[PDB]
file my_file.pdb (PDB, C-alpha atoms)
ATOM      1  CA  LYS A   8     -21.594  19.174   1.356  1.00  0.00           C
ATOM      2  CA  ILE A   9     -18.716  19.208   3.830  1.00  0.00           C
ATOM      3  CA  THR A  10     -20.029  18.472   7.326  1.00  0.00           C
ATOM      4  CA  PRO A  11     -18.287  17.098  10.419  1.00  0.00           C
ATOM      5  CA  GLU A  12     -19.881  13.732   9.587  1.00  0.00           C
ATOM      6  CA  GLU A  13     -18.474  13.766   6.062  1.00  0.00           C
ATOM      7  CA  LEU A  14     -14.986  14.641   7.325  1.00  0.00           C
ATOM      8  CA  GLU A  15     -15.284  11.821   9.840  1.00  0.00           C
ATOM      9  CA  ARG A  16     -16.344   9.417   7.080  1.00  0.00           C
ATOM     10  CA  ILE A  17     -13.290  10.344   5.020  1.00  0.00           C
ATOM     11  CA  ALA A  18     -11.084  10.093   8.120  1.00  0.00           C
ATOM     12  CA  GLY A  19     -12.427   6.555   8.516  1.00  0.00           C
ATOM     13  CA  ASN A  20     -11.566   5.803   4.900  1.00  0.00           C
ATOM     14  CA  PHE A  21      -7.971   6.853   5.560  1.00  0.00           C
ATOM     15  CA  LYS A  22      -7.732   4.876   8.810  1.00  0.00           C
ATOM     16  CA  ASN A  23      -9.259   1.769   7.200  1.00  0.00           C
ATOM     17  CA  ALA A  24      -6.939   2.116   4.210  1.00  0.00           C
ATOM     18  CA  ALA A  25      -3.906   2.157   6.517  1.00  0.00           C
ATOM     19  CA  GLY A  26      -5.128  -1.050   8.139  1.00  0.00           C
ATOM     20  CA  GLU A  27      -5.690  -2.769   4.790  1.00  0.00           C
ATOM     21  CA  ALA A  28      -2.228  -1.673   3.690  1.00  0.00           C
ATOM     22  CA  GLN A  29      -0.623  -3.102   6.831  1.00  0.00           C
ATOM     23  CA  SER A  30      -2.489  -6.377   6.308  1.00  0.00           C
ATOM     24  CA  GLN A  31      -1.348  -6.531   2.715  1.00  0.00           C
ATOM     25  CA  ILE A  32       2.320  -6.022   3.600  1.00  0.00           C
ATOM     26  CA  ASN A  33       1.994  -8.662   6.348  1.00  0.00           C
ATOM     27  CA  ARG A  34       0.605 -11.215   3.867  1.00  0.00           C
ATOM     28  CA  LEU A  35       3.319 -10.548   1.304  1.00  0.00           C
ATOM     29  CA  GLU A  36       6.060 -10.704   3.942  1.00  0.00           C
ATOM     30  CA  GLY A  37       4.804 -14.186   4.777  1.00  0.00           C
ATOM     31  CA  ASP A  38       5.214 -15.220   1.139  1.00  0.00           C
ATOM     32  CA  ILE A  39       8.803 -13.972   0.919  1.00  0.00           C
ATOM     33  CA  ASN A  40       9.597 -15.627   4.245  1.00  0.00           C
ATOM     34  CA  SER A  41       8.230 -18.961   2.987  1.00  0.00           C
ATOM     35  CA  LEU A  42      10.838 -18.992   0.211  1.00  0.00           C
ATOM     36  CA  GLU A  43      13.711 -19.030   2.728  1.00  0.00           C
ATOM     37  CA  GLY A  44      15.644 -22.270   2.274  1.00  0.00           C
ATOM     38  CA  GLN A  45      13.691 -23.224  -0.852  1.00  0.00           C
ATOM     39  CA  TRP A  46      16.136 -21.772  -3.385  1.00  0.00           C
ATOM     40  CA  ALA A  47      19.622 -20.225  -3.566  1.00  0.00           C
ATOM     41  CA  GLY A  48      20.616 -17.811  -0.810  1.00  0.00           C
ATOM     42  CA  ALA A  49      21.576 -15.133  -3.323  1.00  0.00           C
ATOM     43  CA  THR A  50      18.133 -15.347  -4.881  1.00  0.00           C
ATOM     44  CA  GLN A  51      16.472 -15.074  -1.471  1.00  0.00           C
ATOM     45  CA  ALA A  52      18.714 -12.108  -0.616  1.00  0.00           C
ATOM     46  CA  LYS A  53      17.426 -10.277  -3.696  1.00  0.00           C
ATOM     47  CA  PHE A  54      13.759 -10.799  -2.933  1.00  0.00           C
ATOM     48  CA  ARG A  55      14.128 -10.084   0.796  1.00  0.00           C
ATOM     49  CA  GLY A  56      16.032  -6.892  -0.026  1.00  0.00           C
ATOM     50  CA  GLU A  57      13.425  -5.713  -2.514  1.00  0.00           C
ATOM     51  CA  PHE A  58      10.638  -6.608  -0.128  1.00  0.00           C
ATOM     52  CA  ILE A  59      12.232  -4.637   2.704  1.00  0.00           C
ATOM     53  CA  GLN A  60      12.333  -1.615   0.363  1.00  0.00           C
ATOM     54  CA  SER A  61       8.613  -2.060  -0.298  1.00  0.00           C
ATOM     55  CA  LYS A  62       8.060  -2.324   3.455  1.00  0.00           C
ATOM     56  CA  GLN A  63       9.879   0.974   4.092  1.00  0.00           C
ATOM     57  CA  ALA A  64       7.673   2.668   1.507  1.00  0.00           C
ATOM     58  CA  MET A  65       4.573   1.224   3.127  1.00  0.00           C
ATOM     59  CA  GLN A  66       5.679   2.271   6.621  1.00  0.00           C
ATOM     60  CA  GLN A  67       5.922   5.845   5.300  1.00  0.00           C
ATOM     61  CA  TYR A  68       2.545   5.561   3.555  1.00  0.00           C
ATOM     62  CA  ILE A  69       0.754   4.233   6.636  1.00  0.00           C
ATOM     63  CA  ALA A  70       2.203   6.955   8.848  1.00  0.00           C
ATOM     64  CA  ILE A  71       0.971   9.618   6.438  1.00  0.00           C
ATOM     65  CA  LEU A  72      -2.537   8.110   6.157  1.00  0.00           C
ATOM     66  CA  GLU A  73      -2.805   7.918   9.945  1.00  0.00           C
ATOM     67  CA  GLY A  74      -1.812  11.570  10.204  1.00  0.00           C
ATOM     68  CA  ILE A  75      -4.424  12.547   7.623  1.00  0.00           C
ATOM     69  CA  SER A  76      -7.114  10.611   9.492  1.00  0.00           C
ATOM     70  CA  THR A  77      -6.144  12.244  12.795  1.00  0.00           C
ATOM     71  CA  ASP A  78      -6.094  15.733  11.282  1.00  0.00           C
ATOM     72  CA  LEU A  79      -9.439  15.257   9.494  1.00  0.00           C
ATOM     73  CA  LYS A  80     -11.025  14.276  12.806  1.00  0.00           C
ATOM     74  CA  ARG A  81      -9.498  17.369  14.426  1.00  0.00           C
ATOM     75  CA  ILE A  82     -10.986  19.611  11.754  1.00  0.00           C
ATOM     76  CA  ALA A  83     -14.336  17.821  11.979  1.00  0.00           C
ATOM     77  CA  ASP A  84     -14.479  18.692  15.678  1.00  0.00           C
ATOM     78  CA  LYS A  85     -13.622  22.319  14.855  1.00  0.00           C
ATOM     79  CA  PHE A  86     -16.426  22.360  12.268  1.00  0.00           C
ATOM     80  CA  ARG A  87     -18.848  20.881  14.769  1.00  0.00           C
ATOM     81  CA  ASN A  88     -17.962  23.779  17.114  1.00  0.00           C
ATOM     82  CA  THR A  89     -18.195  26.479  14.418  1.00  0.00           C
ATOM     83  CA  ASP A  90     -21.324  25.311  12.607  1.00  0.00           C
ATOM     84  CA  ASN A  91     -24.779  26.660  13.363  1.00  0.00           C
ATOM     85  CA  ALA A  92     -23.682  29.923  14.949  1.00  0.00           C
ATOM     86  CA  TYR A  93     -26.593  31.761  16.596  1.00  0.00           C
TER      87      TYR A  93
ATOM     88  CA  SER B   1      15.296 -27.272 -10.934  1.00  0.00           C
ATOM     89  CA  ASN B   2      14.586 -30.632  -9.337  1.00  0.00           C
ATOM     90  CA  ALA B   3      18.139 -32.005  -9.575  1.00  0.00           C
ATOM     91  CA  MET B   4      19.936 -29.117  -7.846  1.00  0.00           C
ATOM     92  CA  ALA B   5      19.781 -29.784  -4.097  1.00  0.00           C
ATOM     93  CA  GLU B   6      18.954 -26.241  -3.018  1.00  0.00           C
ATOM     94  CA  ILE B   7      16.237 -25.658  -5.612  1.00  0.00           C
ATOM     95  CA  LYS B   8      13.199 -27.058  -3.815  1.00  0.00           C
ATOM     96  CA  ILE B   9      10.490 -24.657  -4.955  1.00  0.00           C
ATOM     97  CA  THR B  10       8.305 -25.621  -7.928  1.00  0.00           C
ATOM     98  CA  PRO B  11       7.622 -23.224 -10.830  1.00  0.00           C
ATOM     99  CA  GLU B  12       3.923 -23.378  -9.943  1.00  0.00           C
ATOM    100  CA  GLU B  13       4.660 -22.216  -6.382  1.00  0.00           C
ATOM    101  CA  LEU B  14       6.707 -19.268  -7.677  1.00  0.00           C
ATOM    102  CA  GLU B  15       3.838 -18.368 -10.035  1.00  0.00           C
ATOM    103  CA  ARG B  16       1.333 -18.581  -7.168  1.00  0.00           C
ATOM    104  CA  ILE B  17       3.389 -16.127  -5.106  1.00  0.00           C
ATOM    105  CA  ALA B  18       3.932 -13.910  -8.167  1.00  0.00           C
ATOM    106  CA  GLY B  19       0.149 -13.696  -8.506  1.00  0.00           C
ATOM    107  CA  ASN B  20      -0.139 -12.478  -4.930  1.00  0.00           C
ATOM    108  CA  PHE B  21       2.294  -9.660  -5.639  1.00  0.00           C
ATOM    109  CA  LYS B  22       0.509  -8.724  -8.867  1.00  0.00           C
ATOM    110  CA  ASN B  23      -2.887  -8.676  -7.150  1.00  0.00           C
ATOM    111  CA  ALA B  24      -1.514  -6.629  -4.254  1.00  0.00           C
ATOM    112  CA  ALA B  25      -0.145  -4.044  -6.695  1.00  0.00           C
ATOM    113  CA  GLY B  26      -3.593  -3.706  -8.256  1.00  0.00           C
ATOM    114  CA  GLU B  27      -5.353  -3.426  -4.893  1.00  0.00           C
ATOM    115  CA  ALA B  28      -2.830  -0.796  -3.810  1.00  0.00           C
ATOM    116  CA  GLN B  29      -3.404   1.290  -6.943  1.00  0.00           C
ATOM    117  CA  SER B  30      -7.180   1.107  -6.471  1.00  0.00           C
ATOM    118  CA  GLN B  31      -6.775   2.205  -2.864  1.00  0.00           C
ATOM    119  CA  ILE B  32      -4.691   5.287  -3.624  1.00  0.00           C
ATOM    120  CA  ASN B  33      -7.203   6.224  -6.351  1.00  0.00           C
ATOM    121  CA  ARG B  34     -10.148   6.048  -3.904  1.00  0.00           C
ATOM    122  CA  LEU B  35      -8.316   8.145  -1.330  1.00  0.00           C
ATOM    123  CA  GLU B  36      -7.352  10.689  -3.979  1.00  0.00           C
ATOM    124  CA  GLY B  37     -11.022  10.948  -4.940  1.00  0.00           C
ATOM    125  CA  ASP B  38     -11.786  11.717  -1.293  1.00  0.00           C
ATOM    126  CA  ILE B  39      -9.285  14.590  -1.113  1.00  0.00           C
ATOM    127  CA  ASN B  40     -10.553  15.787  -4.502  1.00  0.00           C
ATOM    128  CA  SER B  41     -14.124  15.896  -3.156  1.00  0.00           C
ATOM    129  CA  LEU B  42     -13.032  18.529  -0.627  1.00  0.00           C
ATOM    130  CA  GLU B  43     -11.591  20.854  -3.288  1.00  0.00           C
ATOM    131  CA  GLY B  44     -13.155  24.309  -3.082  1.00  0.00           C
ATOM    132  CA  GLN B  45     -15.446  23.280  -0.217  1.00  0.00           C
ATOM    133  CA  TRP B  46     -13.150  24.610   2.513  1.00  0.00           C
ATOM    134  CA  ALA B  47     -10.297  27.106   2.933  1.00  0.00           C
ATOM    135  CA  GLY B  48      -7.530  26.921   0.335  1.00  0.00           C
ATOM    136  CA  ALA B  49      -4.866  26.792   3.033  1.00  0.00           C
ATOM    137  CA  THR B  50      -6.612  23.782   4.571  1.00  0.00           C
ATOM    138  CA  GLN B  51      -6.913  22.028   1.212  1.00  0.00           C
ATOM    139  CA  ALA B  52      -3.252  22.792   0.501  1.00  0.00           C
ATOM    140  CA  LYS B  53      -2.193  21.094   3.732  1.00  0.00           C
ATOM    141  CA  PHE B  54      -4.085  17.912   2.924  1.00  0.00           C
ATOM    142  CA  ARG B  55      -3.128  17.892  -0.767  1.00  0.00           C
ATOM    143  CA  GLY B  56       0.554  18.126   0.120  1.00  0.00           C
ATOM    144  CA  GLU B  57       0.390  15.334   2.679  1.00  0.00           C
ATOM    145  CA  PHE B  58      -1.634  13.222   0.288  1.00  0.00           C
ATOM    146  CA  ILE B  59       0.901  13.689  -2.509  1.00  0.00           C
ATOM    147  CA  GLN B  60       3.606  12.452  -0.122  1.00  0.00           C
ATOM    148  CA  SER B  61       1.527   9.309   0.489  1.00  0.00           C
ATOM    149  CA  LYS B  62       0.916   8.982  -3.239  1.00  0.00           C
ATOM    150  CA  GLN B  63       4.637   8.997  -4.023  1.00  0.00           C
ATOM    151  CA  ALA B  64       5.309   6.355  -1.360  1.00  0.00           C
ATOM    152  CA  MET B  65       2.584   4.227  -2.916  1.00  0.00           C
ATOM    153  CA  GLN B  66       3.968   4.691  -6.440  1.00  0.00           C
ATOM    154  CA  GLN B  67       7.333   3.412  -5.208  1.00  0.00           C
ATOM    155  CA  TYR B  68       5.703   0.443  -3.447  1.00  0.00           C
ATOM    156  CA  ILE B  69       3.607  -0.531  -6.470  1.00  0.00           C
ATOM    157  CA  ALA B  70       6.661  -0.413  -8.763  1.00  0.00           C
ATOM    158  CA  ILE B  71       8.538  -2.724  -6.404  1.00  0.00           C
ATOM    159  CA  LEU B  72       5.635  -5.198  -6.155  1.00  0.00           C
ATOM    160  CA  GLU B  73       5.260  -5.346  -9.931  1.00  0.00           C
ATOM    161  CA  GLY B  74       9.000  -5.967 -10.294  1.00  0.00           C
ATOM    162  CA  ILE B  75       8.821  -8.810  -7.770  1.00  0.00           C
ATOM    163  CA  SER B  76       5.930 -10.420  -9.650  1.00  0.00           C
ATOM    164  CA  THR B  77       7.736 -10.126 -12.993  1.00  0.00           C
ATOM    165  CA  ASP B  78      10.979 -11.526 -11.580  1.00  0.00           C
ATOM    166  CA  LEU B  79       9.282 -14.464  -9.853  1.00  0.00           C
ATOM    167  CA  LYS B  80       7.633 -15.427 -13.150  1.00  0.00           C
ATOM    168  CA  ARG B  81      10.920 -15.139 -15.028  1.00  0.00           C
ATOM    169  CA  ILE B  82      12.580 -17.465 -12.504  1.00  0.00           C
ATOM    170  CA  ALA B  83       9.610 -19.864 -12.618  1.00  0.00           C
ATOM    171  CA  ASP B  84      10.099 -20.108 -16.399  1.00  0.00           C
ATOM    172  CA  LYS B  85      13.818 -20.708 -15.864  1.00  0.00           C
ATOM    173  CA  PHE B  86      13.175 -23.559 -13.417  1.00  0.00           C
ATOM    174  CA  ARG B  87      10.419 -25.055 -15.589  1.00  0.00           C
ATOM    175  CA  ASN B  88      12.966 -25.483 -18.399  1.00  0.00           C
ATOM    176  CA  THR B  89      15.301 -27.569 -16.196  1.00  0.00           C
TER     177      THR B  89
END
call {"tool": "encode", "arguments": {"input": "my_file.pdb", "output": "structure tokens"}}
result
Amino acid sequence: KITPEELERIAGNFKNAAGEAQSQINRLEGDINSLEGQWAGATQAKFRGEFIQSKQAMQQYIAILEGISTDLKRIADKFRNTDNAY
Amino acid sequence: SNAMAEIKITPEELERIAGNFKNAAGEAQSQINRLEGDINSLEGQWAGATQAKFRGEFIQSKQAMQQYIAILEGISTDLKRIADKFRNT
């Protein structure tokens, strides 16, 4: 059943997912960075460029998840103020 | 591989990093699936206009994730191809 508590739980799932996603992109960025100076510059340019594209996608993703979490919490508060009318 | 001055990275190191990208792609797919299940669990349990708002935003996130996953898998594949290339020289 949808309750304010359930909406808040799902909001937490979205917020936690955004954090995991940011951590993941941070770890992978470190790997690409570590290759700098370890092979040809043109090869590094390719992987840095592709990584930056992945980073742009993840920036978009995180922003959307954070918005969903915020909006779910807003609706949960509305539910908490609508529920149990008497 | 070894002889060329600017090739310093070993094939095994490239394969290690490739594994990180492959694993990240898998984790990312599992994540978007869990979150989709969450939005799905709300279907029909609140107003259609409310569900429509969240479904639309979620689908935007889902497309961003699809793009990301595709890029990560390409990076993993390419790193392994280059590791093979260096291992042969």
call {"tool": "atom_distance", "arguments": {"input": "my_file.pdb", "atom1": "CA of residue 77 in chain B", "atom2": "CA of residue 18 in chain B"}}
result
7.2 Å
call {"tool": "interface_residues", "arguments": {"input": "my_file.pdb", "of": "chain B", "to": "chain A", "cutoff": "6 Å", "atoms": "only C-alpha atoms", "output": "PyMOL selection string"}}
result
chain B and resi 6-9+61+64+68
call {"tool": "atom_distance", "arguments": {"input": "my_file.pdb", "atom1": "CA of residue 26 in chain B", "atom2": "CA of residue 40 in chain A"}}
result
21.7 Å
call {"tool": "residues_around", "arguments": {"input": "my_file.pdb", "residues": "range 19-22 of chain B", "least_positions_apart": "4", "cutoff": "7 Å", "atoms": "all atoms listed in the file", "output": "PyMOL selection string"}}
result
chain B and resi 15+26+72-73+75-76
call {"tool": "atom_distance", "arguments": {"input": "my_file.pdb", "atom1": "CA of residue 80 in chain B", "atom2": "CA of residue 63 in chain B"}}
result
26.2 Å
call {"tool": "resolve_selection", "arguments": {"input": "my_file.pdb", "expression": "the PyMOL selection byres ((chain B and resi 41) around 12)", "output": "NGL selection string"}}
result
(:A and (8-9 or 13-14 or 17)) or (:B and (34-40 or 42-46 or 51 or 54-55))
call {"tool": "closest_residue", "arguments": {"input": "my_file.pdb", "among": "B:60, B:1, B:65, B:79", "to": "residue 16 in chain B", "atoms": "only C-alpha atoms"}}
result
B:79
call {"tool": "closest_residue", "arguments": {"input": "my_file.pdb", "among": "A:19, A:81, A:51, A:59", "to": "residue 33 in chain A", "atoms": "only C-alpha atoms"}}
result
A:59
call {"tool": "closest_residue", "arguments": {"input": "my_file.pdb", "among": "B:10, B:33, B:50, B:88", "to": "residue 62 in chain B", "atoms": "only C-alpha atoms"}}
result
B:33
call {"tool": "closest_residue", "arguments": {"input": "my_file.pdb", "among": "B:87, B:57, B:70, B:81", "to": "residue 24 in chain B", "atoms": "only C-alpha atoms"}}
result
B:70
call {"tool": "residues_around", "arguments": {"input": "my_file.pdb", "residues": "residue 15 in chain A", "least_positions_apart": "6", "cutoff": "9 Å", "atoms": "all atoms listed in the file", "output": "VMD selection string"}}
result
chain A and resid 76 79 to 80 83
call {"tool": "write_last_selection", "arguments": {"input": "my_file.pdb", "atoms": "C-alpha atoms", "output": "mmCIF file, keeping the file's coordinate frame"}}
result
data_model
loop_
_atom_site.group_PDB
_atom_site.id
_atom_site.type_symbol
_atom_site.label_atom_id
_atom_site.label_comp_id
_atom_site.auth_asym_id
_atom_site.auth_seq_id
_atom_site.Cartn_x
_atom_site.Cartn_y
_atom_site.Cartn_z
ATOM 1 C CA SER A 76 -7.114 10.611 9.492
ATOM 2 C CA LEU A 79 -9.439 15.257 9.494
ATOM 3 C CA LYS A 80 -11.025 14.276 12.806
ATOM 4 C CA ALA A 83 -14.336 17.821 11.979
#
